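Next up: just one chain, as structure tokens, the form deposited in one PDB entry.
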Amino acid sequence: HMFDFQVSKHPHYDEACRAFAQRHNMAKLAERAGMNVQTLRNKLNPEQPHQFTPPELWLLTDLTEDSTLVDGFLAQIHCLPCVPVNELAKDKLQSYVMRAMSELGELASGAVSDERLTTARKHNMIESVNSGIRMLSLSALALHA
């Protein structure tokens, strides 16, 4: 229901900015992003007070397909790296909710065992988690119809 979100004291986002800066050409990237080259360097420089805006983070992650800035952003608050999702919702919201209940029922079914949890059963339960996550994401996209 609730979580205790904490801010890590390890420079996850700062170290990610340095790696991103060293991975791509700052000159081309700043032009593609509509930014001045020095401003992009300052926003990636932890020793400079300049910071990215959210749309600047989206654009540079979009233009590069590199989640380094987002992964370090998420690791700064003890969160796992980001997961890309890009599929459309072609069915009604109600159908996605019901299929999510079926996948969750199989996860609960495997969680009460009733048989030895082999490698195949653990993999099938991971697939149910993968499908349940997929049905939940599409449920959210059905709300944007």
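The term rigid core refers to the maximal set of C-alpha atoms that superpose within 1.5 Å between the two forms. Numbering starts at 1 and runs along the sequence shown.
Same protein, other form: the form deposited in another entry, not shown, and the subject of what follows.
When the rigid core is held fixed, the Cα atom of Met98 travels less than 2 angstroms between this form and the one not shown. For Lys122, a C-alpha deviation of 2 angstroms or more is recorded between this form and the one not shown after rigid-core alignment. Once both forms are fitted on their core, a CA shift of 2 Å or more is seen for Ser113 between this form and the one not shown.
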